[PDB]
Amino acid sequence: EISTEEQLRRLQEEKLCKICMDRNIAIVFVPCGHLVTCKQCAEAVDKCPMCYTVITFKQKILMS
Amino acid sequence: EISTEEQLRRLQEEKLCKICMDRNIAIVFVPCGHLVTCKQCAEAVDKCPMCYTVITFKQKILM
Ligand code: NI
Ligand code: NI
Ligand SMILES: [Zn+2]
Ligand SMILES: [Zn+2]
Ligand SMILES: [Zn+2]
Ligand SMILES: [Zn+2]
């Protein structure tokens with residue numbers, strides 16, 4: 001946040017699954033709208049691990 | 001070889017709505033899954049600008 005390097009790092013890390021930080025986020029949870037997980041990490045959850053809202057759909061998204 | 005600053009500008013630009021390029025992307029199109037537009041510009045499209053798939057739902061994103 002307080003330097004260009006940190007800004008760059010933030011935007012790079014922002015793309016990654018918040019659970020494994022090994023793969024890009026590839027799922028948006030409906031209805032809550034959180035971008036949290038890659039496909040692999042989303043497999044195990046029935047509620048959003050950020051807000052705990054019941055997930056009615058795991059929509060695949062393209063994040064590059 | 002690309003400067004920290006140029007890499008940063010590129011990623012920032014990547015985040016911008018592909019219609020207005022003023023606000024950040026804020027919507028995911030169902031079912032194609034493309035992230036294309038901010039909330040305001042999503043009102044104007046009935047097909048995804050990237051793949052032309054008919055949009056059945058516009059899901060707001062939260063990061
Ligand atoms: Ni790792
Ligand atoms: Ni403008
Ligand atoms: Zn993951
Ligand atoms: Zn959530
Ligand atoms: Zn826009
Ligand atoms: Zn599309």
Side-chain angles (χ1 to χ4, degrees):
Chain A
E1 180 177 2
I2 68 182
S3 73
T4 58
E5 287 84 11
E6 285 306 295
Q7 290 181 303
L8 178 58
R9 182 182 190 174
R10 174 110 153 93
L11 293 191
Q12 292 171 338
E13 293 186 354
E14 199 170 85
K15 291 182 182 181
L16 302 172
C17 174
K18 296 299 178 271
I19 288 178
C20 71
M21 293 294 283
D22 287 340
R23 279 168 296 282
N24 280 7
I25 296 159
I27 295 295
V28 62
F29 298 136
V30 180
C32 72
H34 285 116
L35 297 171
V36 186
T37 61
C38 61
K39 296 177 187 178
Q40 294 68 22
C41 288
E43 185 78 17
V45 299
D46 68 337
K47 288 172 187 176
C48 175
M50 285 188 61
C51 74
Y52 304 96
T53 307
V54 170
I55 297 163
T56 65
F57 198 73
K58 299 168 185 178
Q59 167 71 49
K60 294 171 201 184
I61 74 158
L62 181 50
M63 167 96 63
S64 34
Chain B
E1 298 177 2
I2 186 175
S3 66
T4 293
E5 289 64 31
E6 176 59 18
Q7 289 181 64
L8 177 56
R9 181 156 305 189
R10 289 184 194 268
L11 294 179
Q12 286 172 340
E13 185 172 15
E14 271 181 25
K15 287 192 63 161
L16 295 174
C17 175
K18 289 263 302 178
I19 298 182
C20 69
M21 291 289 296
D22 279 336
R23 296 163 286 260
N24 283 338
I25 293 172
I27 296 282
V28 50
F29 295 148
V30 175
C32 69
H34 283 126
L35 282 169
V36 186
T37 71
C38 65
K39 289 163 41 179
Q40 188 173 127
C41 293
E43 217 67 54
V45 297
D46 59 345
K47 288 165 47 178
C48 173
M50 294 185 181
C51 71
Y52 296 149
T53 295
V54 172
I55 304 166
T56 67
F57 186 70
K58 290 149 180 182
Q59 166 70 51
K60 292 189 178 54
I61 61 194
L62 285 182
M63 181 93 70

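In what follows, every chain begins at residue 1, and chains take the letters A, B, ... in the order their sequences are listed.
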Out of curiosity, A/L35 CG to B/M63 CE, how far, rounded to the nearest 0.5 Å? 5.5 Å

With sequence neighbours left out, write down each residue that passes side chain to side chain donor-acceptor pair (under 3.5 Å) with B/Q12, or none if nothing qualifies. none

List the steps, then state whether side chain to side chain contact (heavy atoms under 4.5 Å, CB included) holds for A/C41 with A/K18. CA-CA 9 Å; A/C41 288; A/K18 296 299 178 271; over 6 Å; no

Which atom pairs, donor and acceptor, lie under 3.5 Å between side-chain atoms of residues 1-9 of chain A and protein residues at least two apart or in another chain?
from	atom 1	to	atom 2	distance (Å)
A/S3	OG	A/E6	N	3.1
A/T4	OG1	B/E5	OE2	3.0
A/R9	NE	A/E13	OE2	3.2

Would you mind listing the cluster partners of B/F57? Hydrophobic ones only (ILVMFWY), side-chain contacts under 4.5 Å, chaining allowed. B/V30

Other than B/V36, what residues sit in its cluster of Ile, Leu, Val, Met, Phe, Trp and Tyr side chains whose heavy atoms are under 4.5 Å apart, directly or through others? B/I19, B/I27, B/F29, B/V45, B/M50, B/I55

Kindly write out the residues that satisfy salt bridge (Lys or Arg N to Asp or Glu O under 4.0 Å) with B/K15, not counting sequence neighbours, or none if the list is empty. A/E14

So does B/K58 get a backbone contact from the side chain of B/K60, meaning a donor-acceptor N/O pair under 3.5 Å? no

Look up atom CE in A/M63 and atom CD1 in A/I25, then write down how far apart they are to the nearest 0.5 Å. 4.5 Å

I'd like to check B/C17 versus B/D22 (side-chain heavy atoms, cut-off strictly below 4.5 Å). Are they in contact? no

Rounded at 0.5 Å granularity, tell me how far CD1 in B/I61 sits from CD in A/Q59. 12.0 Å

Does any pair with a residue in residues 26-53 of chain B pass side-chain hydrogen bond (donor to acceptor under 3.5 Å, both in side chains), and if so which ones, sequence neighbours excluded? none

